[PDB]
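Engineer:
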Amino acid sequence: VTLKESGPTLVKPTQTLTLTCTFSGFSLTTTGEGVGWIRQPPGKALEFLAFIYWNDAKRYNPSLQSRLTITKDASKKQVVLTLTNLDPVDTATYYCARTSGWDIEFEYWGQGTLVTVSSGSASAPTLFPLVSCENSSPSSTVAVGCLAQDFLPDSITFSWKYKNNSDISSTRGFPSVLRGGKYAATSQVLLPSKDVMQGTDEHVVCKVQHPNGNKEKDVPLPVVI
Amino acid sequence: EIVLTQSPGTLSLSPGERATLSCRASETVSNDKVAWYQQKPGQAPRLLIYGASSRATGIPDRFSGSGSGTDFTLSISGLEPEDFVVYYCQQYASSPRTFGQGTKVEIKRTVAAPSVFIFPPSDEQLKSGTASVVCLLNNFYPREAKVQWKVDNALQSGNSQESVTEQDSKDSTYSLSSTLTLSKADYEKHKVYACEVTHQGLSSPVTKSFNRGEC
Amino acid sequence: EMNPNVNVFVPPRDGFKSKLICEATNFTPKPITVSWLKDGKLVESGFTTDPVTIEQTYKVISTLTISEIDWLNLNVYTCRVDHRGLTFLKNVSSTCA
Amino acid sequence: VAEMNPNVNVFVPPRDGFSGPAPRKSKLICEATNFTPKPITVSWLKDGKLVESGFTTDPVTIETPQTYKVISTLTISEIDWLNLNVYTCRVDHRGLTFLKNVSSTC
Ligand SMILES: *[C@@H]1O[C@H](CO)[C@@H](O[C@@H]2O[C@H](CO)[C@@H](O)[C@H](O)[C@H]2NC(C)=O)[C@H](O)[C@H]1NC(C)=O
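Just so you know, the protein sequences line up as chains A, B, C and D, in that order. Take the position in the first sequence, starting the count at 1, then add 949; the result is the number in this note's numbering. Take the position in the second sequence, starting the count at 1, then add 2; the result is the number in this note's numbering. Take the position in the third sequence, starting the count at 1, then add 2; the result is the number in this note's numbering. Take the position in the fourth sequence, starting the count at 1, then add 7; the result is the number in this note's numbering.
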């Protein structure tokens, strides 16, 4: 038993949102079996949208009543979900699950899909250099970062390389935050102080792999020594 | 409308010990139809126990449920590193059903002094009319920390979102980033920008600042 | 970025083997390389470099071992300082000889 | 564990060792090595007059009997050097005083 979701990755506010839950391996003929939708905004808990039983029996949430519609098609074996009056605060990932009886609720879960509701467009990310202004305190090591801004949807992977195309293990990845209708993220890397006062390499390159452009700006080291 | 509240929000446990999760309901649930779910960030939630007393297929026997009415407790014997995820309690006797806030369990560790670094906005970024000042906190414990922005002795408010990373897999520490956003015209009207960091393991607050034009 | 000053000390005219000290002061950044030359020939042994200390400015001192007979023969000793891609050479000799 | 008399050495600038805006200035180096115990007193004398300013003494550092070294630097003026002034380095070690006299005369 497995479930698969599908739908648009970007929808404008105050529009119509449609999602499809693809399942195969069972039929909604026996009693107790049902399909439900659960969403979870980032940093929040699960939210119950609606649940539909057999014999075309559907249940809706009073907090969201008269705003959602549940339709099923046994021919294609997939439930259709329609969402109207889209709001930026309602952005979340939607999941569907199968209930195998009256007591075993949501036994199998799919994978879900991120549906971003932003008035903006999917523009290429913008990188900005970061210069460390630390002074009078070299401390253990020095840090240099890379500010990826104006990206949508939030799907970015960070990799750090030296001037000679080496490999660096940073693993410092900060989650994105919705600020002014756009997602912003920050990434840094830790480098030893000895290497700064050594090789002639005075800068490193910041690389981001986003499906809107393959730009890669370089962040120059401030050098303190 | 059954309101479910879970407390405490965050608890620090150690591997091998016993962890007890509390689930509070706003009213009695018919037939004690309360179930527990396990969710890991990135992946999808998985069912563990249905009906608060019967486990499901592919679930270890170390998870046990107890209680009835409006009080439910989840006991887990033999805590494992992979079990440090968020857990939710949900009842299916409401129709429509409701979900709780959820509780997160973290690995208990010693207090480590954080590292504070501030990067002034680049000249290229200033050309776009937006200035971004960052305040980075790394290698601190516990997750609870206060980050306040003070510029020209004036405390700022209502302009900091605050982003915090998850627990490190190999270091068990936490990291967070604070971003300062202000207009380009307002940026030129201020000289010194500083973010104050307060930590439990620090005797006195440490403040870092920079001078405009020297960086 | 400030060019390092090169100064070479010589043994007293009225007598002292001896040592040659080349000092670079008021230079930035901290890393700096100091070597010695003898009549235009590279020196492979007999010289040591002390750890760089903080006087922000830094200070570096080096010691070269020389013999009295070589000094009296009007041998030329040159201190080579490399800093930010620039090379500075200072030549000294006995005043009374 | 042992007592050894310190060795006093004085370094003087060459004839072309003066630079900078007029009046030019230079430095004098007095170093005591292979002395024990670690405590030692270094003083600078100029024509019999004690020098109370313009000098910096480096901390004693370690160079089998234990050995130590001390480096002292005194700033001097070109005009004073041209007047055949004699500079004497005063070293005190376990109550013993050692004096070294240097001059520009050949
Ligand atoms: C690229 O240049 C860097 C210099 O910053 C090299 O790093 C040095 O080489 C060793 C061996 O790879 C590294 O482990 C050290 O970080 C550096 N050495 C010292 C003494 O600190 C790096 O190796 C170069 N890349 C490649 C592929 O050779």
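Using N, Cα and C, we set each Cβ at its ideal position, and we do this for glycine too.
1. For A1133 (chain A), which beta-bridge partners are listed by DSSP?
2. I want to see whether chain D comes within less than 8 Å of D84 (chain C), judged by CB atoms only; does it?
3. Checking 8 Å against the spacing of the C-beta atoms, do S1119 (chain A) and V1138 (chain A) come in under that value?
4. Please name the residue in D:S26, D:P72 and D:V15 whose C-alpha comes closest to that of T48 (chain D).
5. Check the Cβ of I1117 (chain A) against every Cβ in chain C and list those closer than 8 Å, keeping chain order.
6. Quick one: does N1004 (chain A) have its CB under 8 Å from some CB of chain B?
7. Select from D:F18, D:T43 and D:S33 the residue whose C-alpha is nearest the C-alpha of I69 (chain D).
8. In angstroms, rounded to a whole number, what distance separates the CA positions of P207 (chain B) and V87 (chain B)?
9. Quick check on DSSP: helix, strand or coil for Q93 (chain B)?
10. Listing by chain order, which chain A residues have their CB less than 8 Å from the CB of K32 (chain C)?
11. Closer than 7 Å to a non-hydrogen atom of ligand 1 - does that hold for the CB of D1167 (chain A)?
12. Counting only Cβ pairs nearer than 8 Å, list the residues of chain A close to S162 (chain B).
13. Can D154 (chain B) be considered in contact with ligand 1, in the sense that its beta carbon sits closer than 7 Å to one or more heavy atoms?
14. Kindly give me the distance between the Cβ atoms of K35 (chain B) and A95 (chain B), rounded to whole angstroms, as I take these residues to be in contact under 8 Å.
15. Which residues in chain A sit within 7 Å of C197 (chain B), going by Cβ to Cβ distance?
16. Take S97 (chain B) as the anchor and find which of B:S174, B:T209, B:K191 and B:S32 has the nearest alpha-carbon.
17. Excluding five sequence neighbours on each side, which residues of the same chain lie with their C-beta closer than 6 Å to the C-beta of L1063 (chain A)?
18. Say the cut is 7 Å; is the CB of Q1147 (chain A) nearer than that to a heavy atom of ligand 1?
19. So, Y60 (chain C) versus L22 (chain C), is the Cβ gap smaller than 8 Å?
20. Can you list, in chain order, the residues of its chain with a C-beta nearer than 6 Å to that of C217 (chain B)? Leave out the 5 residues immediately preceding and following it.
21. Among A:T1065, A:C1082, A:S1072 and A:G1061, which has the Cα closest to the Cα of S124 (chain B)?
22. For the stretch 43-60 of chain B, which residues have a beta carbon sitting closer than 9 Å to at least one beta carbon of chain A?
23. When every heavy atom of ligand 1 is checked, does at least one fall within less than 7 Å of the C-beta of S1115 (chain A)?
24. Where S33 (chain D) and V1157 (chain A) are concerned, what is the direct C-alpha to C-alpha distance, given to the nearest angstrom?
25. Using CA coordinates, which residue listed in D:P30, D:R22, D:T64 and D:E10 is at the minimum distance from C96 (chain D)?
26. Just the chain A side, please: which residues come within less than 8 Å of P122 (chain B) by C-beta, in chain order?
27. Just the Cα atoms here: how many angstroms apart are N77 (chain C) and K43 (chain C)?
28. Should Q964 (chain A) be labelled buried (16 or more other beta-carbon atoms within 10 Å of its own) or exposed?
29. Secondary structure at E70 (chain C), three-state DSSP: helix, strand or coil?
30. Sorry if obvious, but does the Cβ on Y1111 (chain A) come closer than 7 Å to a heavy atom of ligand 1?
31. Excluding five sequence neighbours on each side, which residues of the same chain lie with their C-beta closer than 7 Å to the C-beta of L995 (chain A)?
32. Does any CB atom of chain D fall closer than 8 Å to the CB of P6 (chain C)?
33. When the Cα atoms are used, what is the spatial distance from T71 (chain D) to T40 (chain D)?
34. For the stretch 1053-1094 of chain A, list the beta strand (DSSP E) runs that are entirely contained and at least 3 residues long, ordered along the chain.
35. Measure the Cβ-Cβ separation of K45 (chain D) and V17 (chain D) and say whether it is below 8 Å.
Structural biologist: In brief:
1. Looking up residue 1133 (chain A) in the first sequence gives position 184. Answer is A:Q1098 and A:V1126.
2. The sequence position of residue 84 (chain C) within the third sequence is 82, counting from 1. Chain D, which has no Cβ nearer than 8 Å to the Cβ of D84 (chain C), makes this no.
3. Here residue 1119 (chain A) is taken as the residue at index 170 of the first sequence, counted from 1. Here residue 1138 (chain A) is taken as the residue at index 189 of the first sequence, counted from 1. Result yes, Cβ atoms of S1119 (chain A) and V1138 (chain A) sit closer than 8 Å.
4. Translated into the one-based positions of the fourth sequence, residue 48 (chain D) becomes position 41. Ranking the options by Cα distance to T48 (chain D), first place goes to D:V15.
5. Residue 1117 (chain A) sits at position 168 when you count from the first residue of the first sequence. For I1117 (chain A), there are no C-beta contacts with chain C under 8 Å, since the nearest C-beta of that chain is about 23 Å from it.
6. Locating residue 1004 (chain A) in the first sequence gives position 55, where the first residue counts as 1. No - not a single Cβ of chain B is within 8 Å of the one on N1004 (chain A).
7. For the purposes of this step, residue 69 (chain D) is taken as residue 62 along the fourth sequence, with counting starting at 1. Of D:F18, D:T43 and D:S33, the residue nearest in Cα terms is D:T43.
8. What you label residue 207 (chain B) is simply residue 205 of the second sequence in a count that begins at 1. What you label residue 87 (chain B) is simply residue 85 of the second sequence in a count that begins at 1. Approximately 32 Å between the Cα atoms of the pair.
9. Locating residue 93 (chain B) in the second sequence gives position 91, counting from the first residue. DSSP places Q93 (chain B) in strand when its eight states are reduced to three.
10. Within the third sequence, numbered from 1, the residue matching residue 32 (chain C) stands at position 30. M1146 and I1174, listed in chain order.
11. The residue labelled residue 1167 (chain A) in the question sits at position 218 within the first sequence. For ligand 1, not one heavy atom lies less than 7 Å from the Cβ of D1167 (chain A).
12. To locate residue 162 (chain B), count along the second sequence from 1; it is residue 160. What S162 (chain B) touches in chain A: nothing, since even the nearest Cβ is about 10 Å away.
13. If you number the second sequence from 1, residue 154 (chain B) lands on position 152. Incorrect: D154 (chain B) has no Cβ contact closer than 7 Å to ligand 1.
14. Within the second sequence, residue 35 (chain B) is the residue found at index 33, counting from 1. Within the second sequence, residue 95 (chain B) is the residue found at index 93, counting from 1. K35 (chain B) to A95 (chain B), Cβ: 4 Å. Contact.
15. The count along the second sequence starts at 1 and reaches residue 197 (chain B) at position 195. By Cβ distance, chain A contributes nothing, its closest Cβ being about 13 Å from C197 (chain B), past 7 Å.
16. In the second sequence, the residue the question calls residue 97 (chain B) occupies position 95. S97 (chain B) has its Cα closest to that of B:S32, out of B:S174, B:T209, B:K191 and B:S32.
17. Counting from 1 along the first sequence, the entry for residue 1063 (chain A) is found at position 114. Excluding sequence neighbours, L1063 (chain A) sits near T1042.
18. Residue numbering aside, residue 1147 (chain A) sits at position 198 when the first sequence is read from its first letter. Yes; taking the cut-off as 7 Å, the Cβ of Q1147 (chain A) has a heavy atom of ligand 1 nearer than that.
19. Mapped onto the third sequence, residue 60 (chain C) falls at position 58. Mapped onto the third sequence, residue 22 (chain C) falls at position 20. It is not a contact, given that the beta carbons lie outside the stated cut-off.
20. Locating residue 217 (chain B) in the second sequence gives position 215, counting from the first residue. Listed in chain order, the non-local C-beta contacts of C217 (chain B) below 6 Å within the same chain comprise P122, local neighbours out to five positions each way being set aside.
21. Mapped onto the second sequence, residue 124 (chain B) falls at position 122. Selected option, being the one with the closest Cα: A:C1082.
22. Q45, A46, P47, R48, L49, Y52, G53, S56, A58 and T59
23. Here the question's residue 1115 (chain A) lines up with position 166 in the first sequence. At least one heavy atom of ligand 1 is nearer than 7 Å to the Cβ of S1115 (chain A), so yes.
24. Stepping through the fourth sequence from its first residue, residue 33 (chain D) is reached at position 26. Stepping through the first sequence from its first residue, residue 1157 (chain A) is reached at position 208. Distance between the alpha carbons of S33 (chain D) and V1157 (chain A) is about 56 Å.
25. The residue given as residue 96 (chain D) occupies position 89 in the fourth sequence. Answer by Cα proximity: D:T64.
26. Sequence index remark: in the second sequence, residue 122 (chain B) carries index 120 (1-based). Near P122 (chain B) (Cβ distances below 8 Å), the residues of chain A are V1080 and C1082.
27. Stepping through the third sequence from its first residue, residue 77 (chain C) is reached at position 75. Stepping through the third sequence from its first residue, residue 43 (chain C) is reached at position 41. Taking the straight line joining both Cα atoms gives about 11 Å.
28. In the first sequence, residue 964 (chain A) corresponds to position 15, counting from 1. Classification of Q964 (chain A): exposed, given that the 10 Å Cβ count is below 16.
29. For the purposes of this step, residue 70 (chain C) is identified with residue 68 of the third sequence, where counting begins at 1. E70 (chain C): helix per DSSP, three-state reduction.
30. Your numbering for residue 1111 (chain A) matches position 162 in the first sequence. Under cutoff, so the answer is yes.
31. Here the question's residue 995 (chain A) lines up with position 46 in the first sequence. Cβ within range, chain order: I987 and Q989.
32. Here residue 6 (chain C) is taken as the residue at index 4 of the third sequence, counted from 1. It does not: the Cβ of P6 (chain C) has no partner Cβ on chain D nearer than 8 Å.
33. Counting from one through the fourth sequence, the residue named residue 71 (chain D) turns up at place 64. Counting from one through the fourth sequence, the residue named residue 40 (chain D) turns up at place 33. Taking the straight line joining both Cα atoms gives about 15 Å.
34. 1062-1066 and 1075-1078
35. Here residue 45 (chain D) refers to the residue found at position 38 of the fourth sequence. Here residue 17 (chain D) refers to the residue found at position 10 of the fourth sequence. In this structure, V17 (chain D) does not lie closer than 8 Å to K45 (chain D) by Cβ.
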